[PDB]
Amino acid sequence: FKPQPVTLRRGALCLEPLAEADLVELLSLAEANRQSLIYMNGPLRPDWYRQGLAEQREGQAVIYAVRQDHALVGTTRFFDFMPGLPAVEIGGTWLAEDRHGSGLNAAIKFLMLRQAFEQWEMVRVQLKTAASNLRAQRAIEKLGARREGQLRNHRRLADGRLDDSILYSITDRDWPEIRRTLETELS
């Protein structure tokens, strides 16, 4: 098993790797949305996507810009690669507020899980948010991902104060019945 960069695409949407070149149009975008992005410190400081781009060369993550032939509307990434299994996470996912409520997320998740399950041949896909990020929480739960539990004192917010973290999973068995409820709102 290895994770090589891939470009994922469904209709109007295009998922490509975070190149250097994008950090700019990615950054001030984040500054437009400094309200919706407050449960994931590491927003407008562009040391974030360089940390982002870094991880890849180590082989640690595979990190994505989300687009509609631009404009970038946000970013997501695979990471926490566990090849014995194999398994991965999704996370570091955020989107211009205009894209919320719109099912863009759903489109992103479907392309990434299908890749993860049907192509990487994985058995577990992690997804964690914060105990206080109820928006992120329902989203994952609209995705049909089992809530394995909250991990007390697991993160600090954009204020440097502690928060517990929720943790979800979707096994290899889960994937057909996950895949197909996305293929539902998508219709």
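Residue indices: 1-based, along the sequence shown.
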Per the record, averaged over C-alpha atoms, which has the higher B-factor: 118-126 or 63-71? 63-71
Could you check which stretch, 38-46 or 130-138, carries the larger mean CA temperature factor in the entry? 38-46
Top residue by Cα temperature factor, when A145, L151, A30, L53 are compared in the entry: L53
Highest CA temperature factor in the entry: which of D164, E20, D172, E177? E20
Taking the chain's C-alpha temperature factors as the reference, tell me which third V24 falls into: lowest, middle or highest. highest
